[PDB]
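J.: Got an experimental structure here, sequence first:
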Amino acid sequence: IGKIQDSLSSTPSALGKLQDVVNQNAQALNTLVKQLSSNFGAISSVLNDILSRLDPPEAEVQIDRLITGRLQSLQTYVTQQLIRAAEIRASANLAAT
Amino acid sequence: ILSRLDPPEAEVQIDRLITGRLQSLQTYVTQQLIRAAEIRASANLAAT
Amino acid sequence: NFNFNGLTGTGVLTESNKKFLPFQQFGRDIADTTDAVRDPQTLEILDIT
Amino acid sequence: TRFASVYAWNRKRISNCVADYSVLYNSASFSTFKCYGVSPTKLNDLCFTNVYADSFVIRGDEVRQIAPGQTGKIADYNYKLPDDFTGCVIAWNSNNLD
C-alpha cells in the first residue's frame, strides 16, 4: 500500500485521460465563442454590425449573409457533442460492468 | 474567369463556388468519424 | 441606459481599480470583448460585467 | 471662397467650434440632412458621433461590369485610396448661383 501511494504521488502523467476530457470541451467552447469575430464576407463582424448603422433596402441583402453564415457553426458544434457523448456512454457501460 | 476578364468582376460566382466546395468536406469527415467509431468497438471485441 | 464613448445606446459597465497606461483607450478581455474603460472627466477606471 | 488646385485643398478644423449638422442642413444652400442611406444596420461603430473634417477626391468608374474581389482601374494616380465600400454617399449637380 505504501509502495503504490508513493508511486502515485510521484508519477504525475497517469491522469492524461481525465485531463484531456476536460481540455477538449474547454477548447471547443473557446473556439465557438471566438468564431463570432468573423466577417463572413461582410465588412464587419461585431454583433453591433447589424444594429444601428446602414439603410434597409441595401442592408437587408447583406445581413442575410451574416445570419446564414453563423448557423453552420452551431450545427458542427452540436454534431461534435453528439459523437463525444456517444462514445462516453460506451466507456461508462464498460466501467459499470 | 480571371485571365480574359476585368479583375473585380466575379464575386457572386467564386464565392458561391467556394462555399459549395467547402460544404462538401464535412460530410466526408463525418462519414470517416462514424466508420472509425464502429471500427474501435470491433477492435475492442477482438482484443477481448 | 447611457454611459459609453460618444452617442446613443444601451450597454454595460462596472467599477474597477486597474492601473492603466496613460495613452491606452480600450480595455479588452480574452474573448475580444471590452471589459475595462477609462474616462477623462475624472481619470478613474471602469469595468464591465 | 478659395478653391485652388489639388495642392491646396480646403479644410474645416475642429477647434473653438460648435454647431451641429442640424444647423448645416437648416440652411437653404444645402437641402438634405442625410446621406443616401443610413439606418439601423451595418458599419459605423464605436461610441462616437460623425465624420472628421478632411477633404479629398476619389474615383469609382468600373462598377457595372463588376462583381468585387479584385483590382480596379481609376482611383490610383493623384491620391491614394483604401478599399472598403459601405455607408452613405451624396452626389448631385449644381449650376445656378455661381
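T.: Alright, I've got the coordinates. Residues are numbered from 1 along each chain as shown, chains lettered A, B, ... in the order given.

J.: Near chain B, which residues of chain C? Just list them.
T.: Residues of chain C lying close to chain B by Cβ under 8 Å from any Cβ of the partner chain: none are found. For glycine as for every other residue, the C-beta is placed from the backbone atoms N, C-alpha and C.

J.: Centroid-nearest residue for chain C?
T.: The centroid of chain C falls nearest to residue C:37 when counting by Cα atoms, centre = their mean (1.7 Å).

J.: List of residues touching stretch A:73-91?
T.: Surrounding stretch A:73-91, the residues in contact under the criterion Cβ atoms under 8 Å, 6 or more residues apart in numbering or on different chains are A:24, A:28, A:32, A:35, B:26, B:30, B:33, B:37, B:40, B:41.

J.: Type out the ChimeraX command that picks the buried ones from those residues.
T.: The ChimeraX command for the buried members of the contacts of stretch A:73-91 (criterion: 16 or more other Cβ atoms under 10 Å in any protein chain shown) is given here:
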select /A:35
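
J.: For chain A, tell me whether stretch C:10-18 is touching it.
T.: No. Using Cβ under 8 Å from any Cβ, stretch C:10-18 stays clear of chain A, with a minimum separation of 10.1 Å.

J.: for chain D, what spans make up the helices?
T.: D:21-26 (DSSP state H).

J.: Quick check: residues of it near chain C?
T.: Near chain C, when you scan chain D using Cβ under 8 Å from any Cβ, you find D:46, D:47, D:48, D:49.

J.: quick check, nearest of the residues you listed to residue D:4?
T.: Among the residues of chain D next to chain C, residue D:49 lies closest to residue D:4 (Cβ to Cβ), at 29.8 Å.

J.: so how many other residues sit close to the closest one?
T.: Per other Cβ atoms under 10 Å in any protein chain shown, the neighbour tally for residue D:49 reads 11.

J.: Double-check it against residue C:7; I have them as touching.
T.: Yes. With contact defined as Cβ atoms under 8 Å, residue D:49 counts as touching residue C:7 (5.4 Å).

J.: Nearest residue to residue 37 in space, please, no chain neighbours.
T.: With no chain named, the answer covers chain A. Closest residue to residue A:37 apart from its sequence neighbours, by Cβ to Cβ, 6 or more residues apart in numbering or on different chains: residue A:45 at 4.9 Å.

J.: Hmm, no, I was thinking of chain D.
T.: Residue D:37 sits nearest to residue A:55 (Cβ to Cβ, 6+ apart), 3.1 Å away.

J.: right, and that neighbour touches residue D:41 too?
T.: Yes. The criterion here is Cβ under 8 Å, and residue A:55 meets it with residue D:41 at 7.4 Å.

J.: follow-up on the earlier one: give the contact list for the residue nearest to the centre of chain C.
T.: C:4, C:13, C:26, C:27, C:45, C:46, C:47, C:48.

J.: hey, what's it bridged with?
T.: residue C:46 (DSSP bridges).

J.: Around chain B, which positions in chain A sit nearby?
T.: Going by Cβ under 8 Å from any Cβ, the residues of chain A near chain B are A:41, A:76, A:79, A:83, A:86, A:87, A:90.

J.: Tell me how far residue D:54 lies from residue C:15.
T.: Per Cβ to Cβ, to the nearest Å, residue D:54 is found 38 Å from residue C:15.

J.: Mind checking which of the contacts of stretch A:73-91 land in helices?
T.: Reading helices off the contacts of stretch A:73-91 with DSSP H, I get A:24, A:28, A:32, B:26, B:30, B:33, B:37, B:40, B:41.

J.: So which residue is dead centre in the chain?
T.: Here I'm looking at chain A. By Cα atoms, centre = their mean, the most central residue of chain A is residue A:28, 2.5 Å off.

J.: that's the wrong chain, I wanted chain D
T.: The centroid of chain D falls nearest to residue D:89 when counting by Cα atoms, centre = their mean (6.4 Å).

J.: how about that one, what does it touch?
T.: D:35, D:36, D:37.

J.: Would you write a PyMOL line that selects the buried entries of these?
T.: Filtering the contacts of residue D:89 down to the buried ones (16+ other Cβ under 10 Å) takes a single PyMOL command:
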select buried, chain D and resi 37
